[PDB]
Structures are given as C-alpha cells and as structure tokens.
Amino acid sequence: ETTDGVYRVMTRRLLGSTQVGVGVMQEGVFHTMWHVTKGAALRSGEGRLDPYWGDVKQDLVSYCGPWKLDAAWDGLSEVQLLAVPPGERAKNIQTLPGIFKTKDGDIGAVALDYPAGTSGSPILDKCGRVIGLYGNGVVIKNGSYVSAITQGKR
C-alpha cells in the first residue's frame, strides 16, 4: 500500500494500540521522523515497509526509497500544519512560522503544541507542498513548545 497521503503510525503492544506518530506517503516513499520509528520496519496492510534512509541528526527516516520531499519554506508566507492527532480526524492549522537561528543558518519553526503522537505531521505551503515535518524542537517558557520545520534533502 503506497497511495499518496498522510498516515497515522500505530503500535500494537501486548494490549491495545496507540498512535506514536504520523508520516507522509509520496511518490511511493513513506516519510517520518526518526524518533517516531527509530528505523523499525512498518506494516502496511499485508505488506512490509523497510527503512531505506535515515539520519538521527536530521531526525528523519524514509521507507521504500530515498527522501522525496524537497519543498522549503519561502521565509515570508503563512503555512499550514496538517496535524493528525491521535483519535481525531486530520485538521489544518494555519500559522506564521517563527525562526530558529543557528550558526549554520535559519530554520523556520512553528509555535504550535499538539499531542506527542502528532510527530511527523506535515507542514504545507500554500500550494500544498510538504515543506517539512512537525515534532522536533524546543520548549521556551513554561510549557510553550516550538517545533522546527524539519525538511530533508531530495
């Protein structure tokens, strides 16, 4: 199963399922954050998805092929988090990104704080292109989470 879309990543323990994250299927490749799966194989129906590429520092992993998502934030426009919360239908949250300033350049960041099982949710530009994934970031104040817009390299 490789139909394009956003997907929940679920885990079955000994008793009951839970959502551990989210991912993007595009061009036959499944994309998520490394810390969601830690590189483990995934089941998709009766088939198996094997990891293909991964990098802990970028916190990204791809299944069935190399990373395909290459769009980037234009640094000016609003974006949408396509959040897939556990137990709820997918929903779009529009926001203007802030910025992580690093010694190696700036990274867009969204100051949106959704439940943990939302990690891997895609961030979209106004043309619907995935410009990165949600869920690796920092906490600034008390509980105010800010996520990098994490994008790989195609």
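Residue numbers run from 1 along the displayed sequence.
- The mean Cα B-factor in the deposited entry runs higher for 103-111 than for the other of 103-111 and 27-35.
- Between 132-140 and 13-21, it is 13-21 that carries the larger average Cα temperature factor according to the deposited entry.
- In the deposited coordinates, the residue among 58, 94, 44, 62 with the greatest CA B-factor is 44.
- In the deposited entry, the Cα temperature factor of residue 124 places it in the lowest third of its chain's modelled residues.
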